[PDB]
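Report on one structure; see the data block that follows.
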Amino acid sequence: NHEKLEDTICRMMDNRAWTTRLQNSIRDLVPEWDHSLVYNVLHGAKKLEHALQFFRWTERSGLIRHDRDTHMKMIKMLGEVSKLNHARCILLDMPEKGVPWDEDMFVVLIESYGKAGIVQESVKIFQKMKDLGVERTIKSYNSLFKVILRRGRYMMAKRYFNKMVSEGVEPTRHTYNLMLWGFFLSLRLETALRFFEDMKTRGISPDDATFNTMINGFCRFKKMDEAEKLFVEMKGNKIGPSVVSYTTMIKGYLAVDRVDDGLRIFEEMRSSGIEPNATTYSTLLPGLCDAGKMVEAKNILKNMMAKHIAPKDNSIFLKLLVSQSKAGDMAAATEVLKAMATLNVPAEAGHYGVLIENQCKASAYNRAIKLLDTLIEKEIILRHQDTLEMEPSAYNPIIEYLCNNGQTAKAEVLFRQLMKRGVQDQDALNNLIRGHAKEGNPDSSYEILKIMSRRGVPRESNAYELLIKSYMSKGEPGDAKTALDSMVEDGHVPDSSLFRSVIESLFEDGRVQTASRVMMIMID
Amino acid sequence: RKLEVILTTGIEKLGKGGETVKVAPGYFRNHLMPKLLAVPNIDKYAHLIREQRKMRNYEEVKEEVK
Amino acid sequence: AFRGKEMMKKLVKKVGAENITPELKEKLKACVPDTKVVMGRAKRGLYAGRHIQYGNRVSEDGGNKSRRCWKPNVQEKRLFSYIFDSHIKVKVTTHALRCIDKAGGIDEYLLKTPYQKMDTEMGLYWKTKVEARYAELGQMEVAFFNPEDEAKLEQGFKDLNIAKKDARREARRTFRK
Amino acid sequence: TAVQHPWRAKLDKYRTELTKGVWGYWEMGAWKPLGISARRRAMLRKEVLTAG
Amino acid sequence: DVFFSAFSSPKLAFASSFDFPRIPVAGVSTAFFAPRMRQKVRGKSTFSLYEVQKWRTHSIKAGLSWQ
RNA sequence: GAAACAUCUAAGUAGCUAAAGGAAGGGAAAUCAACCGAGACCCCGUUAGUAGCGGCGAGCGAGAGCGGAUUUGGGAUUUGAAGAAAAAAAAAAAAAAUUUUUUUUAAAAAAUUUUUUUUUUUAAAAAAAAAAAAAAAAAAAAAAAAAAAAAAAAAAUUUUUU
RNA sequence: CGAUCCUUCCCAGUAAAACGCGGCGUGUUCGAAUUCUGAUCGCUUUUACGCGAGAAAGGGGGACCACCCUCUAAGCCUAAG
Ligand SMILES: [K+]
Ligand SMILES: [K+]
Ligand SMILES: [K+]
Ligand SMILES: [Mg+2]
Ligand SMILES: [Mg+2]
Ligand SMILES: [Mg+2]
Ligand SMILES: [Mg+2]
Ligand SMILES: [Mg+2]
Ligand SMILES: [Mg+2]
Ligand SMILES: [Mg+2]
Ligand SMILES: [Mg+2]
Ligand SMILES: [Mg+2]
């Protein structure tokens with residue numbers, strides 16, 4: 001069985017640095033050099049720098065002389081990664097090596113320059129392609145029109161189509177479609193119809209993408225009944241129904257006002273044949289979440305992972321959450337939370353916070369606690385790559401409820417986790433102080449006040465009163481005097497009723513001198 | 001201390017050619033190196049000796065075997 | 001003391017200060033040796049960083065101290081060079097000779113040792129010359145021949161040798177005549 | 001607001017590196033020192049810990 | 001290039017003064033060889049009697065000085 | 001000087017010599033501490049005439065820490081890894097107080113402006129064909145540095161450029 | 001003009017050791033350490049270079065050994081005081 005040579009040379013390059021003692025091992029491992037071996041190494045290279053290093057070393061070491069297909073392969077990957085000067089400098093060096101120039105190397109260079117938006121240099125190469133002495137017939141003009149109308153050069157593309165049709169060139173459906181898309185994009189209706197009657201006079205029957213061109217042009221001209229007239233015209237012309245055409249029919253319906261009509265054409269989607277494509281499910285959701293219809297959202301959200309499909313943009317998963325929660329159906333949001341964590345997506349703090357905020361606002365407190373615990377046991381807050389953070393309203397009422405009507409411990413655990421990312425809200429701290437005071441552990445209120453003192457959070461006067469009386473109720477007047485000293489050093493004078501309470505509690509416990517030290521500051 | 005060298009011909013007590021052997025540094029530096037009877041055991045010269053001996057002894061084996 | 005700067009001044013004055021960009025100046029600052037060599041004869045040989053040392057000689061019973069020196073083990077030798085096909089007469093320390101043994105010859109030592117470690121302007125010159133000749137050799141190839149061609153070319157060389165000998169003797173006897 | 005936390009560039013530069021080891025890690029059967037030196041790592045750690 | 005210009009003449013080389021090194025041909029010394037520069041395009045195989053060399057057996061020189 | 005003197009001191013001082021710069025040098029830990037921690041380099045104060053070295057004589061004499069001045073780090077160096085078997089979900093059934101088990105599974109993103117020529121239409125606003133610029137991303141080199149008028153050249157004194 | 005990478009560096013005759021001095025450096029000898037398609041075990045694949053697991057390198061901390069702590073040498077540049 002054993003191992004091939006392309007994969008082991010790629011494991012050389014992937015694991016070790018490119019040194020001369022690695023090159024010696026590669027040279028002694030290769031038993032006979034051929035372009036088949038070079039091509040199988042070059043395709044299977046894990047990184048472009050490994051590929052470029054191998055292609056340079058094999059031609060500079062005298063082991064082989066490279067051919068047209070290897071040169072084409074190098075330019076294709078260098079231009080897909082957009083190492084523009086790299087590919088240009090390789091391309092210019094070929095007639096000295098002896099292999100001829102072909103237009104195949106030039107057209108991928110056109111596409112490579114235009115992918116980065118340096119399309120003026122693509123046109124510059126195109127004008128000198130005939131100067132250099134290579135045939136410039138069909139596919140070169142096709143790629144030039146593909147790249148200049150992506151930037152939107154309709155007034156140029158007219159002139160270069162004139163220079164196309166002047167030099168004995170017969171344009172076809174690909175040319176006409178690639179120019180009609182750009183002319184519809186650049187808002188040129190008369191130019192689109194002129195170049196449609198041009199392909200009428202040339203005499204070639206339009207196809208599915210050609211009829212897609214006019215309907216997406218009418219979608220971007222916001223005329224949808226006319227697009228429906230075109231959509232029955234394509235049925236009356238006997239061409240097969242395309243899933244892309246149905247997708248842009250849904251898009252043109254939901255572009256302005258008709259949001260129920262997307263479901264109405266999904267009822268006819270059975271006739272086309274291929275219902276579950278990604279783009280329909282990607283675009284259909286935000287229109288109906290903008291409208292506010294829910295039963296036609298939850299069923300297709302059930303059908304999302306029924307055939308394992310994902311949207312193009314994933315913020316619709318948040319927009320449907322906020323729309324469905326504001327609609328009011330709570331029991332099916334537990335399908336959304338498990339739709340998040342099962343496709344590929346890690347769940348986020350804001351995603352859990354919206355649902356905890358709804359269960360908190362509508363009398364579902366134990367369910368809010370359940371979502372709270374599965375949020376905090378999964379350490380979602382402390383994740384660096386997650387972007388959406390927990391809203392202030394996702395913890396501001398639930399800290400109040402937890403401290404006032406029950407346990408304070410997991411409330412302080414959640415909020416101490418929130419300090420470690422972004423929160424220093426005083427409201428939850430004050431509520432944690434009162435909750436820890438009235439639970440029966442005033443040491444926690446005192447330490448949270450120490451946290452406030454070191455973090456610089458502004459400290460109130462009424463917070464220390466509950467701490468003092470909590471110390472009072474459990475029989476620790478020395479701790480009460482310590483808290484009183486901290487209150488005075490913070491800068492709040494208490495009232496003589498509290499002074500009279502603490503002085504008598506200190507005196508009756510035999511602590512005369514602490515009471516006298518209270519007397520000193522009340523004299524002062 | 002001893003050195004590694006690669007024989008280019010047949011030396012009577014050292015061995016046959018194409019073989020790495022261990023010699024004294026004063027032997028190699030003053031006798032075998034200027035007379036091209038041995039080369040240092042580094043990678044460039046080992047590769048050179050191996051390939052040139054392969055090309056010539058291909059003819060030699062083609063003559064001797066048949 | 002500031003040997004790198006005094007060598008860089010001479011190199012700049014040789015090559016022209018306009019010729020060098022600031023990045024090339026920054027790169028050239030890290031190739032010129034900045035070592036401590038004071039003795040005159042170490043600038044004319046391959047010493048591999050050995051120098052003289054001056055210290056104390058201490059008596060056994062009295063402990064009396066008087067000045068003395070330790071000198072490097074300098075020997076004058078001829079080392080064989082592969083690309084020059086001939087010997088080079090040098091004054092090497094045995095430390096440098098042992099480093100040459102580890103590297104695989106004087107040429108391989110000059111190729112392997114970087115510019116800062118050459119310690120000497122003549123060391124820079126010799127490393128440059130050996131590198132230029134090896135780059136010249138790096139673009140050549142030899143072609144070998146079949147034994148029938150061996151025999152044919154041997155016979156041709158015999159014919160040309162005997163014809164040249166005959167013509168030379170004839171020319172000598174006619175010039176005598 | 002970029003000078004509020006100017007250590008975050010170093011933190012997310014060395015975040016993948018900092019998990020491997022304190023001073024270095026084993027890679028392909030040989031020890032390899034860490035990308036960030038120990039004194040600078042301690043500076044970055046102090047800058048992280050001073051804000052909670 | 002800087003070190004070549006700094007140590008070059010005041011105002012290819014594998015001939016005249018030193019000629020072809022013996023090392024190149026070390027795996028097999030008694031074999032007639034033709035040195036030639038490597039060309040980017042494939043070269044010709046025509047070899048005259050003047051372009052073929054063999055160190056006889058006489059050679060299995062002078063000596064430079066370091067300073 | 002050691003009340004003589006030889007290890008020691010005077011002292012790496014005086015002197016001689018070489019090279020570089022307006023400063024030079026040193027510099028971001030294979031550094032200190034002690035199970036707690038500090039955080040590059042140089043200069044000033046204290047520790048302290050203390051620890052240590054020494055015919056343990058005469059004498060020589062720290063480091064760390066702490067208080068000041070300046071306050072600075074940068075580079076290699078970061079990486080997206082460009083889109084039969086296990087894990088997980090949709091529908092049906094059963095049970096417990098949500099949980100457990102089985103059964104079937106090119107385009108629908110690609111954004112712009114000026115000038116010249118000829119037209120339609122009510123100077124407004126749009127039809128066609130021609131030239132370009134939304135490249136200084138990176139650096140060097142060159143010419144020319146803002147309104148109006150006088151002079152030189154070219155073209156037909158006048159106009160344009162300088 | 002043209003999206004700008006195409007190499008001073010291959011890096012151990014180094015760290016340490018013996019003898020002689022000394023401003024922790026130096027003269028004469030000598031001389032290491034973990035990978036150079038990483039390896040080993042286990043698993044399916046049923047006949048992988050996939051998946052998991054274990055141990056693997058040096059310097060210093062007043063001879064030396066063990067444990068622990070701390071740092072990553074064998075030429076990168078750098079303002080002010
Ligand atoms: K006296
Ligand atoms: K006396
Ligand atoms: K400096
Ligand atoms: Mg005296
Ligand atoms: Mg002294
Ligand atoms: Mg002096
Ligand atoms: Mg000066
Ligand atoms: Mg300075
Ligand atoms: Mg620690
Ligand atoms: Mg300080
Ligand atoms: Mg120790
Ligand atoms: Mg100790």
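Each value in this text was obtained by applying a stated rule to the coordinates, not by laboratory testing. Cβ sites come from the backbone with ideal geometry, for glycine too, and all protein chains shown count toward neighbours.
Structure notes:
- Number of positions in the stretch E:27-58 that are part of a loop (DSSP other than H, G, I, E, B), away from chain B (no Cβ under 14 Å) and either under 16 Å from C:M140 (Cβ atoms) or basic (K, R) (or both): 9
- Any chance C:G55 is more than 14 Å from chain E (Cβ to nearest Cβ) and part of a loop (DSSP other than H, G, I, E, B): no
- Yes/no for C:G63 being of a type outside the set (D, E, K, R), on the phi > 0 side of the Ramachandran plot and within 29 Å of the chain's Cα centre (by Cα): no
- Residue in the stretch C:133-154 that is surrounded by 15 or more Cβ atoms within 10 Å (Cβ to Cβ), away from chain B (no Cβ under 13 Å) and outside any helix (DSSP H, G or I) present: no
- All told, D:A42 meets the bar of being within 7 Å of RNA strand G (Cβ to nearest atom), assigned to a helix (DSSP H, G or I) and not β-branched (V, I, T).
- Among the candidates A:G422, A:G478, the residue that is surrounded by fewer than 17 Cβ atoms within 10 Å (Cβ to Cβ), in a loop (DSSP other than H, G, I, E, B) and not aliphatic (A, V, I, L, M) is uniquely A:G422.
- Selection within the stretch A:46-83 - within 15 Å of RNA strand G (Cβ to nearest atom) and part of a loop (DSSP other than H, G, I, E, B): A:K46, A:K47, A:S61, A:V81, A:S82, A:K83
- Filter result for A:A483 (under 30 Å from A:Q426 (Cβ atoms), aliphatic (A, V, I, L, M) and surrounded by 15 or more Cβ atoms within 10 Å (Cβ to Cβ)): yes
- Residue in the stretch A:156-163 that is buried (at least 20 other Cβ atoms within 10 Å of the Cβ) and touching a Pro at 6+ places or on another chain (Cβ under 9 Å) present: no
- Annotation: of all residues in the stretch A:1-20 being within 13 Å of RNA strand F (Cβ to nearest atom) and assigned to a helix (DSSP H, G or I), the one that is farthest from the other protein chains (Cβ to nearest Cβ) is A:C10.
- Residues that are among the acidic types (D, E), outside any loop (DSSP other than H, G, I, E, B) and surrounded by 16 or more Cβ atoms within 10 Å (Cβ to Cβ) do occur in the stretch A:84-103.
- None of E:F4, E:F18 is surrounded by 12 or more Cβ atoms within 10 Å (Cβ to Cβ), under 20 Å from C:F80 (Cβ atoms) and either among the basic types (K, R) or more than 13 Å from chain B (Cβ to nearest Cβ) (or both) except E:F18.
- For beta carbons closer than 6 Å, sequence separation of 6+ or different chains, a first residue in the stretch A:297-316 that is farther than 18 Å from A:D329 by Cα and more than 14 Å from every other protein chain (Cβ to nearest Cβ) and a second that is within 10 Å of RNA strand F (Cβ to nearest atom) and among the polar types (S, T, N, Q), the qualifying pairs are A:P311/A:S282; A:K312/A:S282.
- Contact annotation: residue pairs with Cβ atoms under 6 Å, 6 or more positions apart or on different chains, pairing a residue in the stretch D:1-27 that is of a type in the set (D, E, K, R) with a partner that is surrounded by 13 or more Cβ atoms within 10 Å (Cβ to Cβ) and in a loop (DSSP other than H, G, I, E, B), are D:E17/D:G35.
- Qualifying residue in the stretch A:154-168 (condition: of a type in the set (V, I, T) and either near RNA strand F (Cβ under 7 Å from one of its atoms) or part of a loop (DSSP other than H, G, I, E, B) (or both)): no
- Summed over the stretch C:63-100, residues that are part of a strand (DSSP E or B) and within 14 Å of chain E (Cβ to nearest Cβ) total 16.
- The single residue among A:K115, A:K124 that is within 14 Å of RNA strand G (Cβ to nearest atom) and surrounded by 16 or more Cβ atoms within 10 Å (Cβ to Cβ) turns out to be A:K115.
- Total residues in the stretch A:170-189 satisfying the condition of being surrounded by 15 or more Cβ atoms within 10 Å (Cβ to Cβ) and either within 16 Å of RNA strand G (Cβ to nearest atom) or not in a helix (DSSP H, G or I) (or both): the figure is 3.
- The residue that is farthest from the other protein chains (Cβ to nearest Cβ), among those in the stretch C:101-132 that are surrounded by fewer than 17 Cβ atoms within 10 Å (Cβ to Cβ) and touching a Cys at 6+ places or on another chain (Cβ under 7 Å), is C:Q116.
- Of the strands (runs of 3 or more DSSP E) that lie entirely inside chain B, not one contains 2 or more residues that are within 13 Å of chain E (Cβ to nearest Cβ) and of a type in the set (K, R).
- Evaluation of A:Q23 against (1) within 14 Å of RNA strand G (Cβ to nearest atom); (2) over 40 Å from the mean Cα position of the chain (by Cα); (3) not in a helix (DSSP H, G or I) (one fails), failing number: (3)
- The stretch A:57-86 residues that are within 14 Å of another protein chain (Cβ to nearest Cβ), paired with ones that are among the aromatic types (F, W, Y) and away from RNA strand F (no atom under 14 Å from the Cβ) (beta carbon under 7 Å, 6 or more apart): A:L63/A:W33; A:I64/A:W33
- Among the numbered conditions (1) touching a helix residue (DSSP H, G or I) at 6+ places or on another chain (Cβ under 7 Å); (2) away from RNA strand F (no atom under 13 Å from the Cβ); (3) closer than 21 Å to C:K112 by Cα; (4) not aliphatic (A, V, I, L, M), the only one that C:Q75 does not meet is (3).
- Contact map, the stretch E:1-16: first residue part of a loop (DSSP other than H, G, I, E, B), second residue surrounded by 10 or more Cβ atoms within 10 Å (Cβ to Cβ) and among the polar types (S, T, N, Q), Cβ cut-off under 6 Å, separation 6 or more or different chains; pairs are E:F7/C:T128.
- Within the stretch D:8-32, the set of residues being assigned to a loop (DSSP other than H, G, I, E, B), more than 9 Å from RNA strand F (Cβ to nearest atom) and within 14 Å of chain A (Cβ to nearest Cβ) comprises D:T19, D:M28, D:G29.
- Every pair of residues 6+ apart whose Cβ atoms lie under 6 Å, when the first sits in the stretch C:91-105 and is over 11 Å from C:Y47 (Cα atoms) while the second is not hydroxyl-bearing (S, T, Y): C:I100/C:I106; C:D101/B:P25; C:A103/C:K112; C:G104/B:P40; C:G104/B:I42
- All of (1) assigned to a helix (DSSP H, G or I); (2) of a type outside the set (A, V, I, L, M, F, W, C); (3) more than 17 Å from the chain's Cα centre (by Cα); (4) under 22 Å from A:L263 (Cβ atoms) hold for A:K293 with one exception: (1).
- Selection within the stretch D:12-39: residues that are of a type outside the set (A, V, I, L, M, F, W, C) and near RNA strand G (Cβ under 7 Å from one of its atoms). The member of this set that is surrounded by the fewest Cβ atoms within 10 Å (Cβ to Cβ) is D:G29.
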